[PDB]
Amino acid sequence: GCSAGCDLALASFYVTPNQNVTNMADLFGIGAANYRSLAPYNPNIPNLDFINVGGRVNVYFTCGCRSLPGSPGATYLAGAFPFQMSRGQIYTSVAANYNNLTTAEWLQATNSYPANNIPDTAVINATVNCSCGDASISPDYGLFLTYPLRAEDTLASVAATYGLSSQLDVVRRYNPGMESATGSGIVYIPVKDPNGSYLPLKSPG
């Protein structure tokens, strides 16, 4: 499980036709009015009004350690984005906006209401998995990108895309159960902060 979280994680949001950055900001609790706060995390997107289909946008969030409701002692690391309910909304339609960053089944598992009886006045959480690293794996990496595999993607090919081929062994240790996965599932990739650091971890006591 997890003991505590960290204050920053990133998600790789694949760009589909007619997506826009204010909508991505809204989905991650940033608020449309503050979408420009995404610029330092996306140096390859100099104009946030133009995002190309098939591109990716990095979106930031806080990574909290949460208990899974109704499960025995299970905890997990994720960002939680409150979503105000109204009549007509279902876990499937909430999850649809995040593409492969979450799933209806995972929203059901992380929220405390049964799918078939969510009160119309309640607030549910859209939850996106993250990692904060592990000092016992490496003190070097304290910032991770949540990357949904798609198409032919493998952990090796993704890690190579982010310059991490020579550390692939270490990358595999952050992604247990996904060393053999291809084209589907979420992997966590160490990435550099806007100031160019991997944000090394403090020595635990």
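We number the residues from 1 along the sequence you see.
Colleague: Quick one: higher average CA temperature factor, 160-168 or 146-154?
Modeller: Averaged over C-alpha atoms, the B-factors run higher in 160-168.
Colleague: When the C-alpha temperature factors are averaged for each of 91-99 and 67-75, which stretch ends up with the higher value in the entry?
Modeller: Comparing averages over the C-alpha atoms only gives 67-75.
Colleague: Please work out which residue in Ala115, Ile124, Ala104, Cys132 has the highest C-alpha B-factor recorded for this crystal structure.
Modeller: Across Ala115, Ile124, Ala104, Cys132, the entry lists the biggest C-alpha B-factor for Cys132.
Colleague: Lowest, middle or highest third: which one holds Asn195 when the chain's residues are ordered by CA B-factor from the entry?
Modeller: For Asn195, the deposited C-alpha B-factor lands in the highest third.
Colleague: Taking the entry's C-alpha B-factors for this chain, is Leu38 in the lowest, middle or highest third?
Modeller: Lowest third - that is where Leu38 ends up once the chain's C-alpha B-factors are sorted.
Colleague: Can you work out whether the C-alpha temperature factor of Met24 puts it in the lowest, middle or highest third of the chain?
Modeller: For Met24, whose C-alpha B-factor we compare with every modelled residue in the chain, the answer is the middle third.
Colleague: Taking the C-alpha B-factors as the PDB entry records them, is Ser12 in the lowest, middle or highest third of its chain?
Modeller: It falls in the bottom third of the chain.
Colleague: Can you work out whether the C-alpha temperature factor of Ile45 puts it in the lowest, middle or highest third of the chain?
Modeller: It belongs to the middle third of the chain when residues are ordered by C-alpha B-factor.
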